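Below: one structure, written as structure tokens.
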Amino acid sequence: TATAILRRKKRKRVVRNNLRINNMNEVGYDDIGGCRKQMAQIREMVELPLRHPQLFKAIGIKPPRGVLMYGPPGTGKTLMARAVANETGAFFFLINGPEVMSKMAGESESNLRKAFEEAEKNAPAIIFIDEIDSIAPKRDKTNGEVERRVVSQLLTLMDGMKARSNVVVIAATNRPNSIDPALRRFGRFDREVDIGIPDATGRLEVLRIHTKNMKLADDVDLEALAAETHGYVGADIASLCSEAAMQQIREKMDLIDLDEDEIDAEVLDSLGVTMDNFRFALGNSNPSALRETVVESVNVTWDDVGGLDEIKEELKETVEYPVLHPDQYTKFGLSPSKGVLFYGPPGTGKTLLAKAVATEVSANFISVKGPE
Amino acid sequence: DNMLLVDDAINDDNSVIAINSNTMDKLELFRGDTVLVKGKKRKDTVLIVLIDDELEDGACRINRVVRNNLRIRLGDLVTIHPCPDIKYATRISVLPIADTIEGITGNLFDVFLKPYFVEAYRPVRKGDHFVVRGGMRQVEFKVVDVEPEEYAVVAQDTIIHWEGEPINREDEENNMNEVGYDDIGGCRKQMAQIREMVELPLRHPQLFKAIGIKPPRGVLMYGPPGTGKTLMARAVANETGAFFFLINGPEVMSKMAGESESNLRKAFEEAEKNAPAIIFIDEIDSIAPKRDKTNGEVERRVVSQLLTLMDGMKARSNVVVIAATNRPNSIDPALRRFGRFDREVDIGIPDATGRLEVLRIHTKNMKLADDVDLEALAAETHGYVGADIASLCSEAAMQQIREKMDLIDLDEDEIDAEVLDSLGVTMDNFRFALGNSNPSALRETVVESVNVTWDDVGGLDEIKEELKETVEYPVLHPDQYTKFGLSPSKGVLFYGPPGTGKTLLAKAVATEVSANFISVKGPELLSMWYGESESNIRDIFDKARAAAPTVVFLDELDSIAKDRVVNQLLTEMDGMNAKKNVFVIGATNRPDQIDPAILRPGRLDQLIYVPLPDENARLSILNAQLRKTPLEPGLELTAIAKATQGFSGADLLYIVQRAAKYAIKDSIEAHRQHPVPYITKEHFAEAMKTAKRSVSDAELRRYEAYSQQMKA
Amino acid sequence: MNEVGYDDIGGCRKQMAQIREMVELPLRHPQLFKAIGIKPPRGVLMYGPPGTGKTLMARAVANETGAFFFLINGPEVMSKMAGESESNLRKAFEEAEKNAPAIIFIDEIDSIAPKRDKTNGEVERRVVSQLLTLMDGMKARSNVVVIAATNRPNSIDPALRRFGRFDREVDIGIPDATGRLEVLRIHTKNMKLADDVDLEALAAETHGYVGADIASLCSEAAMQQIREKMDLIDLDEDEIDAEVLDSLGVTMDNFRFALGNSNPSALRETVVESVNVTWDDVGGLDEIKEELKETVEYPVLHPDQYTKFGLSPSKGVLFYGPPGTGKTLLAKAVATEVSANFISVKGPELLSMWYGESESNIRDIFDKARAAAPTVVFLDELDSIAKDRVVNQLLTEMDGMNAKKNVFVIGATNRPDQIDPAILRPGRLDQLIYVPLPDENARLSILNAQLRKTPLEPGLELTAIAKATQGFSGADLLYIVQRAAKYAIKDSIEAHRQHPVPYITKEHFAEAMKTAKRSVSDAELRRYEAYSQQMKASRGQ
Ligand SMILES: Nc1ncnc2c1ncn2[C@@H]1O[C@H](COP(=O)(O)OP(=O)(O)OP(=O)(O)O)[C@@H](O)[C@H]1O
Ligand SMILES: Nc1ncnc2c1ncn2[C@@H]1O[C@H](COP(=O)(O)OP(=O)(O)OP(=O)(O)O)[C@@H](O)[C@H]1O
Ligand SMILES: Nc1ncnc2c1ncn2[C@@H]1O[C@H](COP(=O)(O)OP(=O)(O)OP(=O)(O)O)[C@@H](O)[C@H]1O
Ligand SMILES: Nc1ncnc2c1ncn2[C@@H]1O[C@H](COP(=O)(O)OP(=O)(O)O)[C@@H](O)[C@H]1O
Ligand SMILES: Nc1ncnc2c1ncn2[C@@H]1O[C@H](COP(=O)(O)OP(=O)(O)O)[C@@H](O)[C@H]1O
Ligand SMILES: Nc1ncnc2c1ncn2[C@@H]1O[C@H](COP(=O)(O)OP(=O)(O)O)[C@@H](O)[C@H]1O
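So this is what it looks like as structure tokens:
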């Protein structure tokens with residue numbers, strides 16, 4: 022139950100290098217962190233249909249096929265898809281949105297036809313339709329004939345694919361509503377996965393993954409950086425590390441003679457990233473994920489707020505019991521209440537109460553500020 | 033005497049059927065004679081007659097292979113006729129089944145078929161199967177091709193060709209759709225309506241010649257997506273037995289310019305030259321949408337070609353066109369008129385019995401555990417379409433596999449046999465799947481059925497009698513109205529305090545006549561007002577007409593009747622046939638704010654005041670609501686009824702919910718302390763302490779004054 | 208199939224006569240126009256609600272004339288490959304020209320030459336230009352007549368409605384009782400009807416049904432009969448018993464069921480219809496009856512006197528008074544007396560036109576009125592529009621009318637003061653007429669009229685009820701009688717279930762009237778009378 026598949072390289096000093104223990209693809213599960221639940225869901229929905237197809241025969245069900253990942257850009261959807269495909273080690277046909285859209289008229293559909301036909305021929309296969317929105321935007325966005333021919337061809341191929349063939353289709357799109365609504369029905373991209381911005385632990389994992397090759401100085405406190413960085417998606421963290429390294433080299437440029445093509449080996453080997461460089465990079469960087477609504481976790485307990493004991497008890501009775509003990513609610517047959525409305529003077533800490541409620545049920549927190 | 037009971041044949045012959053001696057005399061047959069046996073749907077074969085005295089009168093023996101071929105089980109009935117004209121197959125090609133030739137070496141022909149065809153004279157027919165036991169194994173073979181056709185005898189003169197690809201067993205049903213009426217559940221009236229218009233013109237074409245009429249050709253089905261419309265069309269086509277052709281919408285709209293017309297023309301002519309035939313056009317709205325949507329030249333030429341082809345077949349008979357869409361107002365209006373989809377059929381979400389039937393149909397291959405209460409699921413799952421039910425079953429199975437994943441490993445390409453032997457889904461998995469389900473049919477107006485009688489409506493019995501007079505008599509006994517020449521009143525209006533039992537009242541009124549029920553809540557009215565909804569008032573009334581009789585309930589009518610929406614509603618009401626039993630029932634809390642135009646005669650004129658429930662009504666409500674909750678023995682609700690003066694039904698429900706919440710809180714606290751299966755009186759006292767009326771006295775007196783003024 | 212001669216059409220004497228006298232003579236007897244030296248009109252434009260038999264009429268006329276015929280469908284012509292539609296049109300026209308005499312039927316012309324607004328595409332412009340060029344170039348050609356069928360006259364491009372083009376216009380209106388009876392007889396000339404058939408009753412009951420709707424009704428009734436007799440039919444048997452097959456026969460109840468399961472739609476939009484109400488369904492108002500007779504009948508029946516004196520008959524009239532006084536019935540009777548068609552435009556239709564969500568338009572309404580002249584246009588509850609774009613369009617159309625043409629606009633409204641004064645000016649709806657509530661004798665006459673189709677207990681005098689209904693509008697008495705009938709049917713059903750009640754009784758009337766009310770408040774009546782006297786003082790020297 023839950024994340025049950027995660028428990029237990073890339074199907075592969097000289098021996099360690101050969102066994103993997206510019207184009208360094210085949211990034212395994214190690215190269216991803218901070219998205220354990222979503223990765224578990226994707227693995228559960230991808231591997232078992234292909235790796236172990238006899239279970240479904242034994243139980244007698246038709247496994248779902250369409251999988252639709254969506255989340256803020258830069259969270260690593262493509263990375264997750266590629267990692268899963270390489271781990272499964274099956275015929276992997278990759279299709280991009282703009283890449284197909286850039287073809288001449290009448291050739292952006294034959295490519296899809298041949299792609300699906302080949303995937304069927306060499307089953308088991310995994311198809312990753314990256315940036316599916318570009319080839320299937322909202323119905324009102326595109327009125328041109330080609331923009332509907334492509335969508336109709338995609339729908340026909342998807343409907344025809346539903347069969348015994350062990351082929352799974354995965355699509356990625358930042359905006360869940362941007363996709364044509366007709367693509368989200370039974371027999372199509374039904375199962376949906378949401379990617380949210382990582383938390384402090386996720387940020388620490390991402391920073392460790394990226395900051396493994398850099399000549400980090402001893403005075404580095406990656407824990408502090410993870411604590412300070414809030415709302416930074418993985419791409420933002422990678423950019424932060426790159427900017428910090430750039431700042432370090434810029435500081436060391438004093439002893440570097442740009443005129444000479446080569447540099448003294450001692451100077452090249454003396455590069456070291458300092459905490460101040462990371463702080464400067466944080467100052468320069470500018471995240472943009474928070475500009476739009478996103479899913480994130482919170483870790484506020486009933487100690488960062490004061491008083492409101494009766495209010496805390498009321499909120500507990502309202503939310504916790506339905507979540508922790510639905511069995512008794514079913515026993516009494518009473519469905520739990522849906523929503524709650526806090527009112528009072530401004531500045532009393534309603535946001536902290538909401539975050540605490542979310543934390544107690546261990547549920548993700550979505551916010552919609554007034555300007556939104 | 034061609035109907036005989038099915039029995040399990042002891043022998044191991046797939047082309048031998050045993051009959052009783054008396055039965056053999058009745059059928060006028062001889063031992064060893066070949067006879068043709070036809071079973072369910074359009075499947076039939078030929079079997080060698082055998083004499084069996086042990087067989088009881090009206091009984092026959094057939095092995096499992098014959099039953100599988102005929103799509104029948106033990107104890108079924110078949111039609112048997114003499115088959116003396118069967119000839120000898122001069123040349124037959126037969127190929128083995130793939131799964132039956134797993135690693136079997138040597139000349140399969142000589143090893144298996146040759147002993148099985150040494151002067152056996154076993155009758156064969158196209159598509160038949162037979163299993164031959166050779167050595168310690170058994171191999172199945174299928175009748176791939178025969179000459180002369182169709183059914184003949186495999187004698188020595190026959191030339192057997194056993195060269196060809198193995199016949200994979202999966203593709204027989206995976207790549208082919210063989211679904212009968214038994215695969216459809218919860219929709220019987222719609223199935224009967226489709227059959228009486230599809231089979232009758234084809235199976236019995238001489239009846240219309242005898243009565244000298246031209247039966248309607250077009251048939252337009254519509255309803256919420258996922259209700260099985262395509263499955264219904266497939267089942268009807270298969271049961272009819274006539275040649276079936278499918279014209280998928282997006283498939284025909286996803287080809288180079290000038291070729292979609294070619295595909296449509298080819299399909300129509302091919303259907304024409306194979307009369308009788310069925311043409312099914314799935315997702316018609318994709319190729320022929322409303323004018324405001326499609327403006328390009330190609331998307332209009334396609335529609336023009338479709339109209340031309342459809343109008344070109346009204347002379348030729350034995351062909352019927354069946355469409356499919358989600359909304360009636362989602363296709364070009366020119367397609368809905370005489371000669372083009374005259375008949376309209378509406379499919380709505382199923383009821384409890386339909387949901388149970390769907391669950392039984394889907395959960396006939398799953399390995400369910402003993403502790404399953406499918407009836408309980410059907411009761412709980414409301415608003416779920418068949419697709420949602422299938423998704424629920426798949427999710428439950430996935431949850432079961434996930435739970436069993438602890439005892440298995442992700443390595444290897446095989447799983448331990450014992451682990452696979454233990455796959456059993458339990459009720460917890462179904463509840464979890466329900467938790468993770470995402471029903472969407474209710475997001476838009478749909479037609480459903482209700483099962484409320486004069487049982488859950490306490491008080492206001494005079495209103496019950498008035499509704500009876502208004503509704504029941506016109507529908508059940510129109511003869512009296514015709515005798516007096518009185519057109520029955522169309523609709524009714526309800527006004528009064530909110531939460532006094534109006535929705536369930538309308539549901540009960542619809543139930544009495546046994547008619548479908550459509551609901552249009554306030555938010556839907558606002559969405560249609562802003563024109564950001566996918567449905568329009570005209571669409572609602574067209575669906576109501578299609579599913580007639582129906583009751584259209586307009587909740588919170590004052591939110592929009594304070608305009609475009611009111612004008613559209615009034616026009617639709619006026620353009621309503623008198624004889625059709627389509628009743629419009631409106632509800633509101635501000636009868637003054639309602640536009641007077643609606644209240645005119647021939648419209649929502651009969652105003653009815655819904656008074657606050659009386660003490661007896663309050664007692665009835667309390668008894669009804671707690672009908673499914675453990676109550677403390679000896680509880681007296683008369684005191685609550687007395688003390689709950691001025692409380693609406695919603696208020697009583699709130700009090701009961703709060704009492705149950707306190708009781709469950711105490712129970713869970715006690716359990717965590719480590749008992750409380752009853753809801754004590756003190757719980758009701760606790761709920762009362764913090765409960766009060768939600769209806770102001772000012773509003774009550776204003777409603778009373780308005781009712782008195784209307785009475786005066 | 209073909210050979211659908213004049214015997215396959217009924218209830219359309221006027222339109223068939225017009226089309227015949229316009230088509231046959233140019234083709235059958237071309238020498239007449241040589242002798243009199245005129246140029247017979249070529250273009251013809253038939254338009255009306257769908258399913259009224261336009262194509263059937265055209266085919267019947269062509270077959271009876273016995274001339275070369277060519278059929279053109281808008282859809283198929285528009286469904287060809289780009290650049291093929293023009294070729295097909297050129298072919299068709301050349302073939303028709305070469306085989307003179309000839310007839311061309313451009314069915315669904317609006318689908319190939321739509322309103323200019325919806326002609327954004329290039330191909331539409333090309334096709335329209337090709338059609339216009341072909342038509343204009345046909346003037347040199349002779350012995351060729353073009354007929355076009357369109358849903359409404361405002362849908363085709365305006366350029367197609369000039370001299371030398373589809374100038375002659377014909378309007379197809381819904382049929383009346385006699386037409387529906389004739390259609391029923393025509394369709395039911397082969398069905399194995401049972402002896403107990405009352406086709407006349409069906410015709411009387413079915414109002415507003417078009418020929419197509421009647422055909423569908425017959426098919427549905429036959430289907431119901433087959434379904435009912437199916438109990439003796441098993442789907443298993445391939446062979447059908449001869450006795451069972453012969454036993455089939457439709458009955459009246461089958462037709463009633465089919466009527467129950469029918470969906471007419473002609474009345475959904477404004478359509479020219481015929482009415483046959485005389486000076487009997489309305490009682491009292493004798494002065495108003497005589498005034499309307501003088502106003503309308505004399506200009507129509509005796510134009511010679513007006514020509515002698517040069518008077519121009521008034522165009523329209525306006526009725527004001529309490530609602531439910533029978534204004535619509537009075538207008539229908541007025542139309543009946545002059546033997547002119549009737550067009551009704553209810554208030555919701557006017558609001559829809561205001562909001563521009565309705566296909567029809569004021570200009571279209573008046574074009575149909577002209578094509579169906581003489582006619583009586585009826586604008587109900589003008590107050591809802593005269594609280608304006610709609611008012612301006614109406615005024616322009618009303619001013620732009622031929623005096624000789626017998627088109628009269630009759631307005632009804634309960635708020636004469638709120639009506640825009642511009643409408644009351646001379647040459648418009650200036651003749652106001654007050655419609656008071658019925659008198660005692662009027663009430664008795666109304667009661668008798670509404671009871672001509674209901675059995676009654678002998679000796680049931682209605683004078684007491686008439687006297688006890690002072691100031692009650694016709695709708696009030698209708699409500700009272702309907703309530704009495706409702707109580708009678710209630711008692712009859714109760715007795716039947718307990719088992749009697751074959752006719753109404755005075756006690757039922759007493760029970761129904763015990764809960765009656767006056768639909769018009771006294772204050773409204775006072776205001777109406779004050780306004781009437783004020784207007785009287787405006788013309789009461
Ligand atoms: N666990 C991780 N989560 C998020 N980003 C990660 C993670 N590990 C590494 N990254 C880095 O984050 C960036 C993710 O790039 P990627 O192309 O996957 O993003 P995306 O927005 O999902 O892509 P797409 O263009 O396909 O929509 C890369 O720099 C990758 O190196
Ligand atoms: N009686 C039933 N009603 C509804 N669904 C059913 C029924 N019996 C089986 N099903 C299952 O419900 C699903 C219906 O899928 P299907 O695509 O045929 O429906 P649909 O809504 O008619 O389709 P579409 O409009 O996309 O052509 C299938 O899983 C079918 O097996
Ligand atoms: N007198 C009649 N008037 C009208 N319809 C009749 C009459 N007699 C029979 N019918 C039947 O009514 C139907 C009229 O359909 P028809 O196609 O003629 O109508 P339409 O709207 O003019 O056609 P279209 O727009 O397709 O050219 C046909 O079934 C015709 O057989
Ligand atoms: N118990 C508390 N009562 C009032 N304010 C608090 C409490 N705990 C924290 N805060 C402060 O309140 C601020 C946010 O106030 P909050 O009420 O959540 O938002 P808003 O002021 O918009 O309603 C934070 O900066 C936080 O430091
Ligand atoms: N006959 C009844 N009269 C009043 N309330 C009832 C009756 N029967 C049950 N109730 C309860 O009272 C509630 C009142 O709300 P409801 O009738 O659903 O809303 P509304 O009256 O606005 O249509 C019902 O939901 C139900 O729980
Ligand atoms: N002489 C009459 N005076 C008043 N009403 C009559 C008369 N004769 C018949 N009626 C009734 O009047 C009704 C028509 O009402 P109408 O005047 O059209 O309402 P409105 O005033 O809203 O137009 C018909 O149902 C008819 O039964």
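Residue numbers (UniProt numbering), protein chains in the order written: chain A, 22 to 29, 72 to 75, 96 to 104, 206 to 556; chain B, 33 to 594, 608 to 719, 749 to 786; chain C, 208 to 594, 608 to 719, 749 to 790.
Beta carbons: idealized from backbone N, C-alpha and C, even for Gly.
C-alpha of A/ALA384 to C-alpha of A/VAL482: approximately 10 Å in a straight line. Using a cutoff of 7 Å, the CB of A/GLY533 counts as near ligand 4, since one of the ligand's heavy atoms is closer than that. Contact between A/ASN358 and A/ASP314 is absent: CB atoms are separated by about 12 Å, not below the 8 Å threshold.
About 13 Å separates the Cβ atoms of C/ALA547 and C/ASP378, ruling out a contact at the 8 Å cut-off.
By the Cβ rule, the stretch 435-454 of chain C does not count as touching the stretch 244-264 of chain B, because fewer than three pairs are nearer than 8 Å.
By alpha-carbon distance to C/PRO646, the top candidate from C/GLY490, C/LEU676, C/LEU664 and C/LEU615 is C/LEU615. As a beta-bridge residue in DSSP terms, B/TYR120 pairs with B/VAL185. As DSSP reads the structure, B/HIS193 sits in a beta bridge with B/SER125. Note: B/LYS174 is bridge-paired with B/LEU127 and B/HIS161 in the DSSP secondary-structure output. Near chain A, meaning a CB-to-CB distance below 8 Å, the residues of the stretch 684-709 of chain B are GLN702, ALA705, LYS706, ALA708 and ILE709.
The continuous alpha helix (DSSP H) containing B/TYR707 extends over residues 694-718. Two segments are said to touch when three or more pairs of C-beta atoms, one from each, lie closer than 8 Å; by this definition the stretch 462-472 of chain A touches the stretch 414-427 of chain A. Annotated three-state conformation of B/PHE62 is coil, per DSSP. A/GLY244 has a beta carbon lying within less than 8 Å of a beta carbon in chain B. Within the stretch 451-471 of chain C, those residues whose Cβ lies closer than 8 Å to any Cβ of chain B are, in chain order, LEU452, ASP453, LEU455, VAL457, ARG463, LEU466, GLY467, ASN468, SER469, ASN470 and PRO471. Relative to the non-hydrogen atoms of ligand 6, the Cβ of C/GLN670 comes within a distance shorter than 7 Å of at least one.
Within the same chain, and ignoring the five residues on either side of B/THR326 in sequence, the residues whose Cβ sits closer than 8 Å to its Cβ are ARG332 and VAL335.
In the structure shown, B/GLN651 falls within a strand segment according to DSSP collapsed to helix, strand and coil.
Between B/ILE118 and B/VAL185, the gap from beta carbon to beta carbon is short of 8 Å. The DSSP assignment places complete alpha helix (DSSP H) segments of no fewer than 4 residues inside the stretch 508-577 of chain B at 510-516, 535-545 and 554-562, in order along the chain. Taking a C-beta distance under 8 Å as the contact criterion, C/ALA429 and C/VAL451 do not qualify as a contact pair.
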